[PDB]
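Shown here is one chain on its own, the form deposited without this ligand, set out as structure tokens.
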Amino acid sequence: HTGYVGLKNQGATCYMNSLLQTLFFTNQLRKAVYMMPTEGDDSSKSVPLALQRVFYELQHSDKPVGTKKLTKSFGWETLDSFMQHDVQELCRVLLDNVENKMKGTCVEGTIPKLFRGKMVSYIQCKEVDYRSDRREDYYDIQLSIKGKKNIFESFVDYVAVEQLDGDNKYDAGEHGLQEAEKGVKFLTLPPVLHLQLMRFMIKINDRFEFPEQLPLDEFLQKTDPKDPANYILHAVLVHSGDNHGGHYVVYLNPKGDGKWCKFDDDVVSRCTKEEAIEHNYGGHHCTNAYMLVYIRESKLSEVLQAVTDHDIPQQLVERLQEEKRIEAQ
């Protein structure tokens, strides 16, 4: 009834199915993934080709999509392979393969265009006039949730100044051991904002609030009047558990219109804003968000651009249709 299809439960894949729907509904990345030159690749060893198959299937199949060819291609086939890692590691590995496969193509640099943000790490000495400014690149933000009640407080703590005193004094080189202040300052925020909520260090289930609309202009060094840092909540990656028996589900409003759906493996059903947002705050049952996806209001239309059958090359279609014919025998 939703118009969207789900993914098969084929093991202890955990967060894998949740990330797959998250990336699929990042329409600009989906289009880009289809434009990859996979014609000469091996149907078993290729991760970029495996990511296209899942994306094509999710776009056309009425039946729950299989991920067996994907899990094999990046070598996470052991009983607890996904339990040894995190959603951030899987996404880093998956997107490194699709961006590496985009080199030389027209769609080269899709991943930095959507996920790269500009940061500045600084160490300013108190008693000495020496400052070490280190401009860094980031593709996601790891937010601490323990003690913090909401995203604003987590961002306040993220940009907060650290004191380098006594035993943890700063090596100012020629100025010797100096008492200094360490902090981070945001230069730019990416069109696709992936926020990792540090619930897993053990698993913390304390109440943590996130808004539907997130204004982040107050955390930037310099603000643009023509382009404010207003972010629209797109995906809510959820987990149910304490230490054992973990169930992973993802909530999405794919069009960014505020009309949400619950993506529980093979079962995709329409849900309220409450079920997707408020109900995944945690506290008091045991259900909470571990990862959030926000899209910049100005980039909402471009990131979530319409994807049709014509946006998939004939060479890709021909190969996956042949693969369907082989398995139909």
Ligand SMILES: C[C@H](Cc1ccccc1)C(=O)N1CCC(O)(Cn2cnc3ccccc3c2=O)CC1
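When you see a residue number, it is the position in the sequence shown, counting from 1. Rigid core here is just the name for the largest C-alpha set that superposes within 1.5 Å across the two forms. Shifts are known only where both forms have a C-alpha.
Colleague: Among other entries of this protein with both neighbours modelled, does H60 go without coordinates in a third or more of them?
Modeller: Negative; every one of those entries includes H60.
Colleague: Output yes if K262 is unmodelled in at least a third of the other compared entries of this protein, no if it is modelled in all of them.
Modeller: It is not, since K262 is included in all of the other entries that model both flanking stretches.
Colleague: Taking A160 and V161 as adjacent modelled residues, how many residues of the deposited sequence between them have no coordinates (none, 1 to 3, 4 to 9, 10 or more)?
Modeller: According to the record, the chain runs unbroken from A160 to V161.
Colleague: Please figure out whether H284 and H285 are truly consecutive in the deposited sequence or have unmodelled residues between them, and give none, 1 to 3, 4 to 9, or 10 or more.
Modeller: 4 to 9 residues lack coordinates between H284 and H285.
Colleague: Averaged over C-alpha atoms, is the B-factor higher for 231-239 or for 81-89 in this PDB entry?
Modeller: Averaged over C-alpha atoms, the B-factors run higher in 81-89.
Colleague: Would you determine, from the values in the PDB entry, which of 93-101 and 70-78 has the greater average C-alpha temperature factor?
Modeller: According to the PDB entry, the answer is 70-78.
Colleague: Hey, out of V250, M201, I141, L114, whose CA B-factor is highest in the deposited coordinates?
Modeller: Of the options given, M201 has the highest CA B-factor in the PDB entry.
Colleague: Looking at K299, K45, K273, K31, which one carries the largest C-alpha B-factor according to the PDB entry?
Modeller: Max CA B-factor in the entry, restricted to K299, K45, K273, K31: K45.
Colleague: Please place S61 in the lowest, middle or highest third of its chain by C-alpha B factor as given in the entry.
Modeller: Within its chain, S61 is a middle-third residue by C-alpha B-factor, going by the deposited values.
Colleague: Taking the chain's C-alpha temperature factors as the reference, tell me which third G246 falls into: lowest, middle or highest.
Modeller: Its C-alpha B-factor, which the entry lists for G246, ranks in the highest third among residues of this chain.
Colleague: Name the third of the chain's ranked CA B-factors that contains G109, choosing lowest, middle or highest.
Modeller: Bottom third by C-alpha B-factor.
Colleague: Report the third (lowest, middle or highest) to which the CA temperature factor of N280 belongs, ranking only the modelled residues of the same chain.
Modeller: For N280, whose C-alpha B-factor we compare with every modelled residue in the chain, the answer is the middle third.
Colleague: How does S269 rank on Cα B-factor within its chain, lowest, middle or highest third?
Modeller: It falls in the middle third of the chain.
One more form of this protein should be noted, the form deposited with this ligand bound, which is absent from this view; the next part is about it.
Colleague: Test of understanding: in the deposited bound form, would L177 fall inside 4.5 Å of this ligand by heavy atoms?
Modeller: Result no; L177 lies far from this ligand in the deposited bound form.
Colleague: Do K226 and this ligand come within 4.5 Å of each other in the deposited bound form, heavy atoms counted?
Modeller: Judged by the heavy-atom cut-off of 4.5 Å, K226 is well away from this ligand in the deposited bound form.
Colleague: For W76, is any heavy atom within 4.5 Å of this ligand in the deposited bound form, or not?
Modeller: Taking the distances in the deposited bound form, the answer for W76 is no, it never comes within 4.5 Å of this ligand.
Colleague: I'd like to check something about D86: if you look in the deposited bound form, is any of its heavy atoms closer than or equal to 4.5 Å to a heavy atom of this ligand?
Modeller: It does: once this ligand is placed as it appears in the deposited bound form, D86 has a heavy atom within 4.5 Å of it.
Colleague: Is it the case in the deposited bound form that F200, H244 and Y248 each bring at least one heavy atom within 4.5 Å of this ligand?
Modeller: Every residue of the spot touches this ligand in the deposited bound form.
Colleague: Of the listed stretches (86-94, 68-76, 210-218, 121-129), which one has a non-hydrogen atom within 4.5 Å of this ligand in the deposited bound form?
Modeller: Heavy-atom contact with the partner occurs in 86-94.
Colleague: Taking 4.5 Å between heavy atoms as the contact cutoff, choose which of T188, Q142, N230, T105 touches this ligand in the deposited bound form.
Modeller: Comparing distances to this ligand in the deposited bound form, the residue within 4.5 Å is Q142.
Colleague: Which residue of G245, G258, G147, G104 is the mover here, meaning its C-alpha shifts by 2 Å or more between the shown form and the other one once both are aligned on the rigid core?
Modeller: Between the two forms, the residue that moves is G245.
Colleague: Which parts of the chain move between the shown form and the other one, counting only runs of three or more residues whose C-alpha shifts are all 2 Å or more after core fitting?
Modeller: Flagged stretch (3+ res, CA at least 2 Å): just 243-245.
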